[PDB]
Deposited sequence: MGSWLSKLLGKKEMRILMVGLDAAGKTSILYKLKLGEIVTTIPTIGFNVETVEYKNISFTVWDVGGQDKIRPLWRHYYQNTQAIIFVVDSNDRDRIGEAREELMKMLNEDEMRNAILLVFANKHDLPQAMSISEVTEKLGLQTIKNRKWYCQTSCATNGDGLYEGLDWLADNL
């Protein structure tokens, strides 16, 4: 479904970021679009890439030069650990910084509220409020619950992304 709408001749660049241990690597792997490749453009800055035909997913941790990899980004996936209540405030701050990058002003926002399987995970209502998504203007956004370990939610989120480019 989403694969159909994303594939083509023109490069499709997706940025997936979030705090460490949000589940970003696990998501890449569960997509099955090919090998996860790690590069280190500078020491301490680990970048994971999955490239399949015209589609690129670029992943790194935030909250710990970036502007280079923002070129022609069409979507931001922001992954949050729904169970990490102590760092939701940090996640909000890093998301908002991403969102005032002019280079990516026309990128749509998909939020994965990940680790939905966990007994004290925040609800999608809670995650949406605490990330301040309602405050977003002039950008399409969606927040989608996910479990990156069984893959629940991932295709639903990507389907929305593909439909709204």
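*Asks:* Could you spell out the stretches of the deposited sequence that were left without C-alpha coordinates, going in sequence order?
*Replies:* The deposited sequence has unmodelled segments at 1 to 2, 67 to 72.
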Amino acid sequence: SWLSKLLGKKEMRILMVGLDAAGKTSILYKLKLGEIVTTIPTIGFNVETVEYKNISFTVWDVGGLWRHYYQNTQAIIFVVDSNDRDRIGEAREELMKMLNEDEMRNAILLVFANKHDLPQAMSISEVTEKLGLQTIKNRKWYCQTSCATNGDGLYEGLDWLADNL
From here on, numbers count along this sequence of modelled residues.
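*Asks:* For the C-alpha atoms alone, is the average B factor greater in 5 to 13 or in 140 to 148, going by the entry?
*Replies:* Averaging CA B-factors over each stretch, the winner is 5 to 13.
*Asks:* Take the C-alpha B-factors listed in the entry for 17 to 25 and for 152 to 160, compute each mean, and give the stretch with the larger one.
*Replies:* Mean CA B-factor is higher for 152 to 160.
*Asks:* By the CA temperature factor listed in this entry, which of these ranks top: 97, 116, 30, 105?
*Replies:* Reading the PDB entry, the winner on C-alpha B-factor is 105.
*Asks:* Between 35, 48, 101, 126, let me know which has the highest C-alpha B-factor in the entry?
*Replies:* Within the set 35, 48, 101, 126, 101 shows the top C-alpha B-factor.
*Asks:* Using the temperature factors of the C-alpha atoms in this entry, rank residue 135 within its chain: lowest, middle or highest third.
*Replies:* Within its chain, residue 135 is a highest-third residue by C-alpha B-factor, going by the deposited values.
*Asks:* Quick check on the deposited entry: does the C-alpha B-factor of residue 62 sit in the lowest, middle or highest third of its chain?
*Replies:* As the PDB entry reports it, the C-alpha B-factor of residue 62 lands in the middle third of its chain.
*Asks:* When the modelled residues of the chain are sorted by Cα temperature factor, does residue 52 land in the lowest, middle or highest third?
*Replies:* Middle third - that is where residue 52 ends up once the chain's C-alpha B-factors are sorted.
*Asks:* Sorting the chain's modelled residues by C-alpha B-factor, tell me whether residue 74 ends up in the lowest, middle or highest third.
*Replies:* For residue 74, the deposited C-alpha B-factor lands in the lowest third.
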